[PDB]
Each structure stands twice: as C-alpha cells, then as structure tokens.
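Next up: just one chain, as structure tokens, the form deposited in one PDB entry.
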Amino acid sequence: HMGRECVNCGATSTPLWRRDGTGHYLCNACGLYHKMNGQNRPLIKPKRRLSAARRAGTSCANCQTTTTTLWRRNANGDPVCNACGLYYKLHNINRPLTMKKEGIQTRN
C-alpha cells in the first residue's frame, strides 16, 4: 500500500499498481510492457538534462569550431558558430570549411 515497489524496475511510485502472473507488484509501465511483449520491461536510464551535461563542450555543426562570440542554430536545431549561421542565412548554403579563419577577429 505504501512500502511496495515494482519487482521489475524498483519504482516506488506509479499511477496504477498492477500484478504479474506470480501475484507480485509491477508498476503500471512494467505491467503493461509485459502483457504486450511477453518480456520484462528493459530498464533504460534517462537521457542528458541538455545542460548539466549537454553544455560540456560546444562545437559548430558545420565547421566544428569551439569558439564564437554568439551561438546560433541551424534548421535542424543544432548550434552553429556565428559565422556559419550568418553565411547560411545569406546564401542558403553551408559555409565552406575552406573559410575557417585563424583565431578570432575583433572590430571597432
């Protein structure tokens, strides 16, 4: 009622408790999964917080540089350096890796 856990995954919380063939408790997810696939529900740890992880290195999807004064994003939604972004939004074509310049230039 309160100290029960899913015997397959160990989840202590669930929308609706279910029973396996042997009468033990399965969380809704696991229970449904078994009646569907006749196989235990595989445990698969959650993915990246898209931050506490993700932002652990950022290189442009096009030229793969790691530095830029401003990160933009391509259609696909991935980050791209300022240069590659501006170039594509002007020519609707990717910036040729033959343009990668040495270091970073400043102005004014």
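All residue numbers refer to positions in the sequence shown, first residue = 1. Under this definition, the rigid core comprises the largest set of C-alpha atoms superposing within 1.5 Å between the forms.
J.: Using only the Cα atoms and their B-factors as the entry lists them, report which of 37 to 45 and 54 to 62 averages higher.
T.: Higher mean C-alpha B-factor: 37 to 45.
J.: Test of understanding: from the entry's C-alpha B-factors, which stretch has the higher mean, 22 to 30 or 70 to 78?
T.: The deposited B-factors put 22 to 30 ahead on the C-alpha mean.
J.: In terms of recorded Cα temperature factor, pick the maximum from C84, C9, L90, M99.
T.: Of the candidates given, the C-alpha B-factor peaks at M99.
Heads up, the form deposited in another entry isn't pictured, but that's what we're talking about next.
J.: After a rigid core superposition, would you say the CA of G38 moves by 2 angstroms or more between the shown form and the other one, or not?
T.: True for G38: a C-alpha shift of 2 Å or more.
J.: Once both forms sit on the same rigid core, is the C-alpha displacement of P96 at or above 2 Å between the shown form and the other one?
T.: Where the cores coincide, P96 shows only a C-alpha shift between the shown form and the other one that is less than 2 Å.
J.: Any chance the CA of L16 moves 2 angstroms or more between the shown form and the other one, core superposed?
T.: It does shift by 2 Å or more.
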